[PDB]
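Q: sequence-free structure coming up:
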RNA sequence: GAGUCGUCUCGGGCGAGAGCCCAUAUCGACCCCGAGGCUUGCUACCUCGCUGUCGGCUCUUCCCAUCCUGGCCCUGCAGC
RNA sequence: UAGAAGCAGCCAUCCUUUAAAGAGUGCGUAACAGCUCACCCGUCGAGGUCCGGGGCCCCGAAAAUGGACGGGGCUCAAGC
């Protein structure tokens, strides 16, 4: 599994919490997670910190920022979780 | 064997002569072709090299007006173990010239025969011996007359698409019959805006008078 | 929003002999590259990261690489 | 090590062959019979993307690629197996002895090999049919793997290495697999 | 004579080092140390 | 000549200086240069020693022979120049002992355990040139093979290998 | 090999041993006695040497015509140079070296035998033969 | 007895050369590297308020680098 | 030298003509032949063949009352 725009959650990382989305895939061993700062998500590197996919999928660009990663995340309705 | 040194030398060459042909130098020796290659010099032409640089009739065409290259043309007639033959000789002469000069070509044991192979009737000039026995075995009837071994009649020993058994090949070879071609088989000839194929180029002039 | 493939240039001394390396890894900051390079080199060549000398680290564009292997990998990210 | 990030290879499947996937387990059914295998290797998922079968793993390593292409080749043997089947033709060649090759039941028996009073037998598998016609015998069946095994079980039964190997050549040998093996 | 039978039997090469019967044109041995092996189990000419 | 188990070390000291000591052994090597002068070639291949050792006079003669023999036969002595630069100088020592058993020792601890001369050896450190052969690029493949054959008879090993100088 | 077949080598000007000639046979259609008279005459040199030749007879008319595996080029240099034997050691010893003019002449007649091309090519074909002693 | 392992046993590499042509079926110099502890030697660690010598006999266990037996590979393996 | 005809061996190893051609790779005769290669235009239409350092794991690696990394057992580790 794990492709871009597939919405995620974790039990580890900064918080944790918390729901996060894969916005770019760094290497074959690292992924870049970000989210809205409305859920107190910030950009960070991860390398499987229990990253488990949710059923949800949305469309974001390959290399993006939270106003365009915000915008799809919103209409899905998961910026409040 | 520099790129654009070697193509360049072919470049000037193709432009130099009215007639450019692609020929299968493959079927040959080396005795047929090295003698052919000398022959070709004596008969106002020369034969040449190059690997992708053979398909590169394109630069020469681009340099002039025509429609011999890869581009405008039909389907680059080029085949494996092809060579390029540039000459003053007319394409029909070129094809006939290639056909006459050749020696010789036996059919090879276990090989697929390119065309029907025939024997002519007459005495072999060979003495009686096991050789008679051999002819009968291959499918050629024979007898002793005038003290010599003779082939009874004309016959097609094998048809085209059929393999030649080794026994048949050896006997045919003994007889000095050489049905196969190991001259240069001509893939195609370009002259003055037209590409001529081997089927067009093969004219049996006498056959046309017979047909009528 | 930032990825970039970071072209590390350096040398390591092992047994008084000098190996070149250009190790291109993508992260988003130089600190990832530094940890990653000390770890990769040090694991495999069997050498500490106090005998690793980094000459340089230069980010180049991540639609580029100057190895076949790195570029081909990064085409999809 | 060849390096891609997918890493992904793709198997072209005709209209004659339908493939069904259930994890790592593959069943291939065409106009004639079915055949099942388990493809086992860590991290290689086989699934159907439209008409096309995809065999993939995230990570490229050298071991993986080899195994991945073997699985592609097993599919491919099924596509021409399940359509029309595989034929290998074999000859029983004898040095001295009229050597009697008969199928009695689900074993092939070869008798009178080297003047022997004893029967030789070799196992035939549930998808494979052995027909003998004179001293040609053709082994015929749905599957290449299976067909290849049955033929070779026959050969391994006639095996002789307890005497000279230039002056006893008694046995049934592979004239054909699917090409013609071989020139020395 | 020769051609199906003498192919599996005959035409093969053999390992100088360990005596293993290997294929007719393989570069390295199977198991015995990378030697460049010999032809053949001959005696016919 | 006892097996080499002392010619494999350099942690054993010097006792070279043949004039100084009473009793010195003969050589076994006489021939060291062969072929054409070394001014008629361009390229230089060496075999480089990666390990410190003492290399016996016997090993030097043997190794050179098996190598030079191969070069001579295939190439001819109209081409190549081959040199093994070293001369062995290090004198080698022996404790007297043989079978005699029973009440007899043989022996003996001391009562002069100090060497009678066995032989001579050449001291080879790290990055020395044990062999230098001179060749053209036609004659490359022969020089490498010959060097491989040398390396086994080297007391320890090589680890710098068959080296292209290139000819500077 | 070889095959002992119609090709056989007989030394210089001689003929009729039982043993090379009888078994090998050179038929005219008659016996060898005709062949004997041909072979010795052409080959006339004060010495003998193994001269490759071929004969053609199928048991029939049984007439023979032979070739001379010698006269090729190795003898041609012997007249012009004026030295009979070839050199025991090539490159090592050059017994003689033909001048350029003598080479052109050797090539000139040699043309039909040869596939030599222009006159330069022929000479080149000949020169390479010149160097080899033994 | 332990330690050691020059010697001893066995094993590996390289392959000069011979074997009809053919290094490697077989035979194998020069030289080089290992394993064992079964011969000898070195050692003096243990024992001189005595752990009784050899050989044999009798009785029993173990090791394989295997003489046969079984199952095998090569061959200059025709058969035997 | 019987023969040495590319192919016991020694030495020269050159020159012409070009898909291309080594005074020839192996087989084959003991030695003309025959099978064949390097080689080459060339079809399938690519990311390819080299060589050379390094880490690590494999072979090399057989022993004597019971074998053991302390033991168990461990294999994305409880290892390196």
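A: Looks like it came in fine. Numbers count the residues shown, from 1 in each chain, chains lettered A, B, ... in the order given.
Q: mind listing the strands for chain F?
A: Taking DSSP state E as the test, the strands found in chain F are F:33-35, F:43-49, F:53-56, F:81-83, F:90-91, F:120-124, F:128-135, F:162-164.
Q: so which of those is nearest residue D:28?
A: Nearest to residue D:28 among those is strand F:162-164; the distance by C-beta to C-beta comes to 53.7 Å. The way it works is simple: take the backbone N, C-alpha and C, and place the C-beta from them, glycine included.
Q: hmm, that closest one touching RNA strand H?
A: No - Strand F:162-164 lies out of reach of RNA strand H by C-beta under 7 Å from any atom of the strand, never closer than 13.6 Å.
Q: partner strands of that strand, parallel or antiparallel?
A: In its sheet, strand F:162-164 lies beside strand F:43-49 (antiparallel), with partners assigned from DSSP bridges.
Q: the residue nearest to residue F:6 when sequence neighbours are not counted and RNA strand H, how far apart?
A: Nearest non-adjacent residue to residue F:6, counting by C-beta to C-beta, 6 or more residues apart in numbering or on different chains: residue F:12, 6.5 Å away. Look at residue F:12 and RNA strand H: by C-beta to the nearest atom of the strand, to the nearest Å, they are 13 Å apart.
Q: tell me how far residue F:12 lies from residue F:20.
A: Remark: distance between residue F:12 and residue F:20 (C-beta to C-beta, to the nearest Å) = 18 Å.
Q: higher neighbour count, those two?
A: Legend: neighbour count by other C-beta atoms under 10 Å in any protein chain shown for residue F:12 and residue F:20, higher for residue F:12 (14 against 8).
Q: pull out the buried residues from the lengthiest strand in chain D.
A: In chain D, taking DSSP E as the definition, the longest strand is strand D:86-93. Across strand D:86-93, burial judged by 16 or more other C-beta atoms under 10 Å in any protein chain shown covers D:86, D:88-93.
Q: adjacent strands (with direction) for it?
A: strand D:136-141 (antiparallel), strand D:171-174 (antiparallel).
Q: mind putting those strands into CSV with mean neighbour count?
A: Output for the strands paired with strand D:86-93, formatted as CSV (neighbours: other C-beta atoms under 10 Å in any protein chain shown):
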stretch, mean neighbour count
strand D:136-141, 20
strand D:171-174, 24
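Q: residues near residue F:150, how many?
A: 21.
Q: show me the contact partners of the helix or strand containing residue C:35.
A: In the assignment (DSSP states H and E), residue C:35 maps to helix C:30-44. Residues from elsewhere that reach helix C:30-44, judged by C-beta atoms under 8 Å, 6 or more residues apart in numbering or on different chains: A:45, C:6, C:8, C:10, C:12, C:21, C:23, C:25, C:27, C:47-49, C:52, C:54, C:57.
Q: what residues are up against the spatially most central residue of chain F?
A: In chain F, the centroid-proximal residue (C-alpha atoms, centre = their mean) is residue F:60; its distance is 3.1 Å. By C-beta under 8 Å, 6+ apart, the residues touching residue F:60 are F:29, F:84, F:86, F:88, F:122.
Q: dump these to CSV, plus distance to residue E:11.
A: Output for the contacts of residue F:60, formatted as CSV (distance: C-beta to C-beta, whole Å):
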residue, distance to residue E:11
F:29, 49
F:84, 45
F:86, 50
F:88, 52
F:122, 50
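Q: and these near RNA strand I, which?
A: Answer for the contacts of residue F:60 near RNA strand I: none qualify (C-beta under 7 Å from any atom of the strand).
Q: so which of those residues wins on neighbours?
A: Going by other C-beta under 10 Å, residue F:84 tops those with 25 neighbours.
Q: quick one, helices of the chain?
A: I'll assume chain A. In chain A, the segments counted as helices under DSSP state H are A:69-76.
Q: hmm, no, I was thinking of chain D.
A: Under DSSP H, chain D gives helices at D:62-83, D:144-157.
Q: and chain B, which residues reach RNA strand I?
A: B:25-26, B:29-30, B:33-34, B:37-38, B:46-52, B:54-55, B:78-83.
Q: just the ones of those residues in strands?
A: B:46-48, B:82-83.
Q: so residue G:67 sits right up against residue G:53, yeah?
A: Yes - here residue G:67 lies in contact with residue G:53, judged by C-beta atoms under 8 Å, at a distance of 6.0 Å.
Q: which one's more surrounded, these two?
A: Neighbour tally, residue G:67 and residue G:53, criterion other C-beta under 10 Å: the higher count belongs to residue G:53, 19 against 12.
Q: mind listing what that one touches?
A: Applying C-beta under 8 Å, 6+ apart, the residues contacting residue G:53 are G:7-10, G:39, G:66-70.
Q: quick check: it vs chain C, distance?
A: Residue G:53 sits at a distance of 66 Å from chain C (criterion: C-beta to the nearest C-beta, to the nearest Å).
Q: the most centrally placed residue in chain B bridge partners, please.
A: Centroid-nearest residue in chain B: residue B:185, 3.3 Å away (criterion: C-alpha atoms, centre = their mean). The residues listed as beta-bridge partners of residue B:185 by DSSP bridges are residue B:24.
Q: name the residues of stretch B:11-30 that are buried.
A: B:11, B:14, B:17, B:19-25, B:27-28.
Q: tabulate these (a markdown table), appending distance to residue B:180.
A: A markdown table is the format used below for these (distance: C-beta to C-beta, whole Å):
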| residue | distance to residue B:180 |
| --- | --- |
| B:11 | 35 |
| B:14 | 31 |
| B:17 | 30 |
| B:19 | 26 |
| B:20 | 26 |
| B:21 | 21 |
| B:22 | 21 |
| B:23 | 16 |
| B:24 | 13 |
| B:25 | 16 |
| B:27 | 8 |
| B:28 | 11 |
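Q: narrow those to those in helices?
A: Among the buried residues of stretch B:11-30, the members found in helices (DSSP H) are B:11, B:14.
Q: and of the buried residues of stretch B:11-30, the nearest to chain D?
A: Distance to chain D across those (C-beta to the nearest C-beta) is lowest for residue B:27, with 23.0 Å.
Q: residue contacts, the closest one?
A: Contact analysis of residue B:27 by C-beta under 8 Å, 6+ apart lists B:81, B:105, B:181-183, B:185.
Q: can you list phi and psi of it for me?
A: When read as degrees, to the nearest 10, the backbone of residue B:27 gives phi -80, psi 0.
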